[PDB]
Amino acid sequence: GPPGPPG
Amino acid sequence: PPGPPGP
Amino acid sequence: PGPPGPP
Amino acid sequence: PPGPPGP
Amino acid sequence: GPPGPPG
Amino acid sequence: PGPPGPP
């Protein structure tokens with residue numbers, strides 16, 4: 001899947 | 001699925 | 001799953 | 001998430 | 001995530 | 001988490 005959101 | 005939030 | 005997001 | 005407040 | 005606020 | 005803010 002795509003990268004996760006910024007922290 | 002999308003990856004997890006960053007740190 | 002995708003990779004973690006950025007900091 | 002955003003980082004913590006500075007010192 | 002982005003930097004935190006000034007202290 | 002992001003890094004700490006500045007002093």
# chains A, B, ... in the order shown; residues from 1 in each chain; ligands from 1
>>> closest_atom_pairs(of="chain C", to="chain D", cutoff="12 Å", atoms="only C-alpha atoms", output="CSV")
residue,atom,partner,partner_atom,distance
C:5,CA,D:1,CA,10.4
C:6,CA,D:1,CA,9.7
C:7,CA,D:1,CA,7.4
>>> write_last_selection(atoms="C-alpha atoms", output="PDB file, in the first residue's frame")
ATOM      1  CA  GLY C   5       5.014   8.002   6.833  1.00  0.00           C
ATOM      2  CA  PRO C   6       7.718  10.603   7.387  1.00  0.00           C
ATOM      3  CA  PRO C   7       8.467  12.235  10.757  1.00  0.00           C
TER       4      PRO C   7
END
>>> interface_residues(of="chain E", to="chain C", cutoff="9 Å", atoms="only C-alpha atoms", output="ChimeraX atom specification")
/E:1-3
>>> closest_atom_pairs(of="chain A", to="chain E", cutoff="10 Å", atoms="only C-alpha atoms", output="CSV")
residue,atom,partner,partner_atom,distance
A:5,CA,E:1,CA,8.9
A:6,CA,E:1,CA,5.2
A:7,CA,E:1,CA,4.0
>>> write_last_selection(atoms="N, CA and C atoms", output="mmCIF file, in the first residue's frame")
data_model
loop_
_atom_site.group_PDB
_atom_site.id
_atom_site.type_symbol
_atom_site.label_atom_id
_atom_site.label_comp_id
_atom_site.auth_asym_id
_atom_site.auth_seq_id
_atom_site.Cartn_x
_atom_site.Cartn_y
_atom_site.Cartn_z
ATOM 1 N N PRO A 5 0.589 8.514 6.582
ATOM 2 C CA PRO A 5 0.619 9.982 6.769
ATOM 3 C C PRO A 5 1.832 10.487 7.543
ATOM 4 N N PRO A 6 2.151 11.774 7.447
ATOM 5 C CA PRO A 6 3.193 12.333 8.304
ATOM 6 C C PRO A 6 2.883 12.114 9.774
ATOM 7 N N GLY A 7 3.923 12.021 10.623
ATOM 8 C CA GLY A 7 3.693 11.866 12.066
ATOM 9 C C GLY A 7 3.267 13.159 12.761
#
